[PDB]
Protein chains: 2
Amino acid sequence: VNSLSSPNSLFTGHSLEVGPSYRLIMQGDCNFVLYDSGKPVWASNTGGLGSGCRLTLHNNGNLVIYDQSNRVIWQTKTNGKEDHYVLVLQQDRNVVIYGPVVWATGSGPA
Amino acid sequence: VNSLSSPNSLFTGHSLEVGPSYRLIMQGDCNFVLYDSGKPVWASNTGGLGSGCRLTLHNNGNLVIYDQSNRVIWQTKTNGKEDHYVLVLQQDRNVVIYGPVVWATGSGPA
Ligand SMILES: CO[C@H]1O[C@H](CO)[C@@H](O)[C@H](O)[C@@H]1O
Ligand SMILES: CO[C@H]1O[C@H](CO)[C@@H](O)[C@H](O)[C@@H]1O
């Protein structure tokens, strides 16, 4: 999967991927990093500032990283209209937050 | 991949997928269908109305299906602000168009 939809989280050790070389991972050392063939090309730069961290996209558009103590250690501070948003690792290698909802099939949640 | 970002297209025979059972495919018979373990649960219902069709998400949020003659055979008619949007097949099985851009890492296009 290469997307994370609000209000869900990307937990420790998990990542979004766009084959065959792009990997955006919420690391165990709390750093949120984008790797391109093993080389980091973007990151929140929060490694070592915690452990058991998780990345969460909120229904208002704000993207945050919580540590094990459930405290905010990093955020985009993009607080907008209450609705639903999505975080996407694109094939063009850009990582983007889009929202609010423009249209939906209604085939989910299911 | 489970997303399509404007202004790109999902060409004939190609699809978005969220393992292990969700498949949203732009079919060769021009139908845009969402399959759940082989069973269609949502579709544009445009099968047989063309061939060599492609699905395109526009930078204004409008989602369209063009036939081989490059004519519109189906669309969401969601014309909004000029920017960038994304179409996503979610793990909750919903298919959603989100936009405009809220935040970006700027790690792409690259
Ligand atoms: C109501 O919430 C559901 O539907 C909206 C679109 O209407 C999606 O954005 C969201 O992720 C869920 O699938
Ligand atoms: C300028 O276009 C690029 O950046 C925007 C976000 O700023 C993305 O939405 C788009 O798909 C491209 O990656």
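We count ligands from 1, going down the list as the structure has it; atoms in each ligand are counted the same way. These values consider heavy atoms only, across backbone and side chains, with no hydrogens, waters or symmetry-generated copies. Note on naming: letters A, B, ... go to the chains in the order of the sequence lines (proteins, then strands), and numbering restarts at 1 for each one.
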Exercise. Would you mind listing which atoms of ligand 2 come within a distance below 4.0 Å of any non-hydrogen atom of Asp92(A)?
Key: 12 (C), 13 (O)
Which residue and heavy atom of the protein sit nearest [atom], plus the separation:
| atom | result |
| --- | --- |
| atom 11 (O) of ligand 1 | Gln90(B) NE2, 3.2 Å |
| atom 7 (O) of ligand 2 | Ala104(B) CB, 3.8 Å |
| atom 4 (O) of ligand 2 | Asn94(A) ND2, 3.1 Å |
| atom 10 (C) of ligand 2 | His84(B) CD2, 3.7 Å |

Practice problem: Tell me, with the steps shown, if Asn70(B) and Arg54(B) meet side-chain contact (heavy atoms from CB on, under 4.5 Å). | Solution: CA-CA 9 Å; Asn70(B) 201 54; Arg54(B) 69 174 184 292; 2.6 Å; yes
Heavy-atom donor-acceptor pair, [X] side chain to [Y] backbone, under 3.5 Å:
| X | Y | result |
| --- | --- | --- |
| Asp67(B) | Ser51(B) | no |
| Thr56(B) | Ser9(B) | no |
| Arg93(A) | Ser107(B) | yes |

Practice problem: Report yes or no: does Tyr98(B) have a heavy atom closer than 4.0 Å to ligand 1? | Solution: yes
Quiz prompt | Sole residue of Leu87(B), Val64(B), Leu24(B), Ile25(B) in side chain to side chain contact (heavy atoms under 4.5 Å, CB included) with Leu55(B) | solution = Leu87(B)
